[PDB]
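Heads up: the structure comes next, in C-alpha cells.
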Amino acid sequence: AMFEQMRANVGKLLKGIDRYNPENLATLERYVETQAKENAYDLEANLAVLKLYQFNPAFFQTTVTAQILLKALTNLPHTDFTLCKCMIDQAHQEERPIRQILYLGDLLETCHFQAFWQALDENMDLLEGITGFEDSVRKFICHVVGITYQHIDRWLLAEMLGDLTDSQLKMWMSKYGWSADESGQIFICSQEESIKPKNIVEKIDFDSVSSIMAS
Amino acid sequence: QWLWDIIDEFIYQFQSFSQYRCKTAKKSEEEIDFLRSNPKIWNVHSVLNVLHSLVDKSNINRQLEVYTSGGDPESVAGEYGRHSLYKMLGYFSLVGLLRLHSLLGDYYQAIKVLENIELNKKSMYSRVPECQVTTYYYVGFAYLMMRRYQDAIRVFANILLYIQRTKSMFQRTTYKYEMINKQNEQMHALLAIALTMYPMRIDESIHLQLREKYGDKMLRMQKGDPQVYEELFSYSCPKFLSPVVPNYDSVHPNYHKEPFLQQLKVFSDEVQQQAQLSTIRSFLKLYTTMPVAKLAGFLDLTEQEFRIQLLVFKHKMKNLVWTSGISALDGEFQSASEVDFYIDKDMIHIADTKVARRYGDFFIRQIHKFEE
C-alpha cells in the first residue's frame, strides 16, 4: 500500500517545477515500480519519468521503462503506449527487455491476440513479475470482443486468450455474463446492441433555426 | 555572430520582463491601475505576451537544437521561464488567457501532454474568437494524438472556415497568416485517411482547390502506392510538432539533425499502422451482410493462400473500424455498414450568410458615416 502513501506527495511534484528537475527520479522511479508491482497506475508519473529520461538519455533505466511500458499496454485502447515511444529514444528502443516488450505491444494494437501469446518468451521472469499483467491483457482481449463480436466460438475465444482449457474459460465466460448457445458458440452481444448507428436522422433542427430567424 | 546577437538579446530582454510580469500581476494594484489609464490602446500591453510565445519558442528551439548534451535550455525554461509566469495569479484582462495559451503552446512542442485537462479548466475567462480559435488549434491536435479522428476532424473544420467572424486587422496572426491555413489543411488530411466513409463534412472544412488534390492523395495512399506515405509525411512533420525555426543547414556543425532524429521518428510510429488500417476500409462494403459469395469475395480480396486469411481478417475487425458477428451453423458473416448524413452545411450557413449581409450593411454604413 505504498501507492496510497505517495499519491499526495507525487501529485504536487508533478504540478510544480520538479517534473523538469532530474533530481526527483529517486521518489519517481520508485513510484513507477509501485504501479507495476501493486497493480495500480498513474500515467503522469510514468510520463514525467519518460520526459526526464528524454531530457538526459544517461538516466534511462531499462526495467523502470518496462514497468511503464507493460502497464501502458494493460490500459488499451488508450494512447498511453503512444506517449511511451514518443519519449523513448532511438537508442533506447533497442534495449533489453524493451525491444521484446515493444514488439509484444505492437501485436496488441493491431489486435493479433493469437500471435501475442505465441510471441511470448516464458524465460523472461520480469513478465511473470508484473502482478495481474497476464490477466489484464486477457481482460482487454475480452473488452474488444464485446465491442465487435455478436458471438464467438468456444474454441476461438479460448485461442485468443492463450489456448485456454475448458475450466480456465469458465472465468472469462462468467466475467461479462456470457453463456453458451446451441451448437455451440459463446454469446457476446445482441446484434442490434452491438451496431449502434447514429446516421441519417437529423433535419429536426427546426427550433434553433427558427429562434435565430425569429427577427 | 549577427545570428546570436539577435537571439541572445531576445532572451535577455524576456528574462528581464519575466520579473516585471510576476511583479505587476500579483500584488501591485496601483501599478496595474496606472497602466490602464495613459495610452489609447491596451493592445500594446497584451500583444507582448503571445508575441513572446512564438519568438521565445524560436530562440529556445535554436538553443535546444544546437546543444544536445549537458542540457541548459530545456530545464531553465521549463522551471523558471514558463511556470513562474503562468502558475501564479493571472493579470486582470485577456492576459490571463494569453499567458495560458502561450503556456499551452510551450507545452505542445514538448511531447508531455496530459495537463490539457486543467489548462481548459483554468480558461475561466470567456472564449473570445481570438483565444478560441487558438484553443481549438491545440485541442484538436490533442484529439488527433488521442486517436479520436472523428472528433478532431470536426474541430479542424471550424478553425479553417474563415467565418468564425475573424476580422484581423492589427496583427494578431501576423507573419503566420497562412500557417493557420496550411497546418489545419495538413492535419485534417491525415484524419481523412483513417476513417472516411463518414464525412460528408469535408465540404465545409477545406475548399475545392485543395479537396481535389487531397482527395486523390488518400486514394493513391491507401490503395495502390506508398508514395503518398512519403510526401504526406514530409509536409506533416513541420506542422505536427511546429518547430518554429530549423537551424542553419551546414555540415560543419552537426548539432541539429540529432534532435530531428527523435522528433521525426516519433511521428513515424504514428502514421505507420494507422495508414495500413485505411486500406481495409477502402474497399467499399458492397453487400451489408455477406453470404459465402461475398465473404469469400472479400477473403480473396484480403490476402491469398492459405495461411492465414481468416486470422488476419479477424485481427482487423477488432481495431475500431468494423462491428460484426460470426455464425457457426450458417457459416455466415453478418456485419455493420454505417453511413453519415447528407446536408449539415445549409443550417450552419444560415447565420454565416447573414454575416455576409450584416458586415455588408455595416461596413457601407461606416462609409455612409464618413462621406456624409
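Naming scheme: A, B, ... for chains in displayed order of the C-alpha cells; residues 1 onward per chain; ligands 1 onward as shown.
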Who sits within 8 Å of range 96-100 of chain A, only C-alpha atoms, same chain under 5 positions skipped, as a ChimeraX atom specification: /A:62-63,65-66
Would you export the selected residues with C-alpha atoms as a compact mmCIF listing (two decimals), in the first residue's frame, please?
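After the write, result.txt holds the following:
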```
# COMPACT_ATOMS: atom_id res chain seq x y z
CA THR A 62 15.55 -0.35 -18.73
CA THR A 63 13.39 -2.13 -16.09
CA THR A 65 10.73 1.83 -18.55
CA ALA A 66 9.48 -1.78 -18.84
```
Hey, which bits of chain B sit within 7 Å of chain A, and for each residue what's the closest pair of atoms and how far apart in Å (one decimal), counting only C-alpha atoms, rows by chain and increasing number, as JSON lines?
```
{"residue": "B:75", "atom": "CA", "partner": "A:20", "partner_atom": "CA", "distance": 5.6}
{"residue": "B:78", "atom": "CA", "partner": "A:20", "partner_atom": "CA", "distance": 6.3}
{"residue": "B:79", "atom": "CA", "partner": "A:17", "partner_atom": "CA", "distance": 4.9}
{"residue": "B:111", "atom": "CA", "partner": "A:86", "partner_atom": "CA", "distance": 6.9}
{"residue": "B:112", "atom": "CA", "partner": "A:51", "partner_atom": "CA", "distance": 6.7}
{"residue": "B:146", "atom": "CA", "partner": "A:79", "partner_atom": "CA", "distance": 5.8}
{"residue": "B:262", "atom": "CA", "partner": "A:89", "partner_atom": "CA", "distance": 6.5}
{"residue": "B:266", "atom": "CA", "partner": "A:86", "partner_atom": "CA", "distance": 5.0}
{"residue": "B:315", "atom": "CA", "partner": "A:111", "partner_atom": "CA", "distance": 5.3}
{"residue": "B:316", "atom": "CA", "partner": "A:110", "partner_atom": "CA", "distance": 6.9}
{"residue": "B:318", "atom": "CA", "partner": "A:148", "partner_atom": "CA", "distance": 6.0}
{"residue": "B:319", "atom": "CA", "partner": "A:110", "partner_atom": "CA", "distance": 6.6}
{"residue": "B:322", "atom": "CA", "partner": "A:148", "partner_atom": "CA", "distance": 6.8}
{"residue": "B:323", "atom": "CA", "partner": "A:148", "partner_atom": "CA", "distance": 4.5}
{"residue": "B:324", "atom": "CA", "partner": "A:149", "partner_atom": "CA", "distance": 5.5}
{"residue": "B:325", "atom": "CA", "partner": "A:150", "partner_atom": "CA", "distance": 4.5}
{"residue": "B:326", "atom": "CA", "partner": "A:151", "partner_atom": "CA", "distance": 6.0}
{"residue": "B:336", "atom": "CA", "partner": "A:195", "partner_atom": "CA", "distance": 6.2}
{"residue": "B:338", "atom": "CA", "partner": "A:197", "partner_atom": "CA", "distance": 6.2}
{"residue": "B:339", "atom": "CA", "partner": "A:199", "partner_atom": "CA", "distance": 5.7}
{"residue": "B:340", "atom": "CA", "partner": "A:199", "partner_atom": "CA", "distance": 4.9}
{"residue": "B:341", "atom": "CA", "partner": "A:200", "partner_atom": "CA", "distance": 4.9}
```
For residue 117 in chain A, work out the shell of residues within 12 Å, counting only C-alpha atoms and skipping chain neighbours fewer than 4 positions away, then give it as a compact mmCIF listing (two decimals) with N, CA and C atoms, in the first residue's frame.
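The resulting file, part_22.txt, is shown below:
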```txt
# COMPACT_ATOMS: atom_id res chain seq x y z
N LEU A 104 5.88 -7.06 -28.54
CA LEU A 104 4.66 -7.60 -27.96
C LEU A 104 3.54 -6.58 -27.89
N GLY A 105 3.88 -5.30 -27.64
CA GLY A 105 2.95 -4.19 -27.65
C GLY A 105 2.31 -3.91 -28.98
N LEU A 107 1.59 -6.07 -31.28
CA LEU A 107 0.65 -7.13 -31.51
C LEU A 107 -0.70 -6.85 -30.90
N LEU A 108 -0.76 -6.00 -29.85
CA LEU A 108 -1.98 -5.76 -29.10
C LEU A 108 -2.76 -4.66 -29.76
N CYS A 111 -4.19 -6.02 -32.75
CA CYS A 111 -5.14 -6.96 -32.22
C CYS A 111 -4.95 -8.35 -32.79
N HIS A 112 -3.67 -8.78 -32.85
CA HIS A 112 -3.24 -10.10 -33.22
C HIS A 112 -2.99 -10.80 -31.92
N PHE A 113 -4.08 -11.28 -31.28
CA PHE A 113 -4.06 -11.86 -29.96
C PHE A 113 -3.51 -13.27 -29.97
N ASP A 121 7.97 -15.08 -24.74
CA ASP A 121 9.03 -15.89 -24.21
C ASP A 121 8.81 -15.98 -22.73
N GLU A 122 8.97 -17.20 -22.20
CA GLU A 122 8.45 -17.59 -20.91
C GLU A 122 9.59 -17.67 -19.94
N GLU A 134 -0.86 -10.72 -16.70
CA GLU A 134 -1.30 -11.83 -17.52
C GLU A 134 -2.80 -11.86 -17.69
N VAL A 137 -4.24 -8.17 -19.87
CA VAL A 137 -4.23 -8.26 -21.31
C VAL A 137 -5.39 -9.10 -21.79
N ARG A 138 -5.72 -10.21 -21.08
CA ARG A 138 -6.88 -11.04 -21.31
C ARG A 138 -8.19 -10.30 -21.15
N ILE A 141 -8.57 -8.23 -24.15
CA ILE A 141 -8.96 -9.07 -25.26
C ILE A 141 -10.46 -9.19 -25.26
N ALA A 158 -11.05 -19.23 -26.65
CA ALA A 158 -10.00 -19.91 -25.93
C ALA A 158 -8.64 -19.54 -26.46
N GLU A 159 -8.48 -19.67 -27.81
CA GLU A 159 -7.24 -19.49 -28.54
C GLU A 159 -6.72 -18.08 -28.48
N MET A 160 -7.64 -17.08 -28.49
CA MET A 160 -7.31 -15.67 -28.37
C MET A 160 -6.75 -15.35 -27.01
N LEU A 161 -7.20 -16.08 -25.97
CA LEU A 161 -6.76 -15.92 -24.60
C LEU A 161 -5.66 -16.88 -24.24
N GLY A 162 -4.88 -17.37 -25.23
CA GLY A 162 -3.70 -18.17 -24.98
C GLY A 162 -3.97 -19.64 -24.86
N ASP A 163 -4.95 -20.16 -25.63
CA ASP A 163 -5.30 -21.56 -25.73
C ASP A 163 -5.75 -22.14 -24.41
N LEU A 164 -6.81 -21.52 -23.82
CA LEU A 164 -7.37 -21.89 -22.54
C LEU A 164 -8.02 -23.24 -22.58
```
